[PDB]
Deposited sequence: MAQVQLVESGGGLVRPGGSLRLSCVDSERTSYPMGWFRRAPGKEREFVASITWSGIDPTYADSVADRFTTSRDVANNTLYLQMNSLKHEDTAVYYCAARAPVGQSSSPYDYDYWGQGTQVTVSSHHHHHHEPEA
């Protein structure tokens, strides 16, 4: 897999998850986040520049979520705190090729995030 996505799964409402997307082969730069709810279409979560300095956020998640980019390890992060039952979706990593704003060249397989009554057991 090119875009290595992890950090999803079950989380309690008001709980946190740190999503991480890395391209070890260095064939692309993970620079974006998108999510697809069970019914709703593709929704923009957050973006960041190659430099990892300017992070763009969607009004809905701007207040809770925080994105960062590890330029050294070519890794994109998505800190998701105070997670509500509206954030339950399949989160996709958006990567840009090395060779144009908020448009990705490589999409992610998905790291489905669920915000329900059980985060580990009961």
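S.K.: What are the missing stretches of the deposited sequence, listed from start to end?
M.R.: Comparing the full sequence with the modelled residues, the uncovered ranges come out as 1-3, 103-106, 130-134.
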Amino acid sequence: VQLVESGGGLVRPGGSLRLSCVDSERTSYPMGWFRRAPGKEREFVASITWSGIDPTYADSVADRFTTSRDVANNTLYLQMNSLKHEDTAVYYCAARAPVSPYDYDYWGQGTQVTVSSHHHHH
From here on, numbers count along this sequence of modelled residues.
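S.K.: Identify the stretch, either 77-85 or 34-42, whose C-alpha atoms have the larger mean B-factor according to the entry.
M.R.: Per the deposited B-factors, the answer is 34-42.
S.K.: On mean C-alpha B-factor from the PDB entry, just flag whether 48-56 or 22-30 is the higher one.
M.R.: It is 22-30.
S.K.: Based on the entry's values, in what third of the chain does the Cα temperature factor of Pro101 lie: lowest, middle or highest?
M.R.: Within its chain, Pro101 is a highest-third residue by C-alpha B-factor, going by the deposited values.
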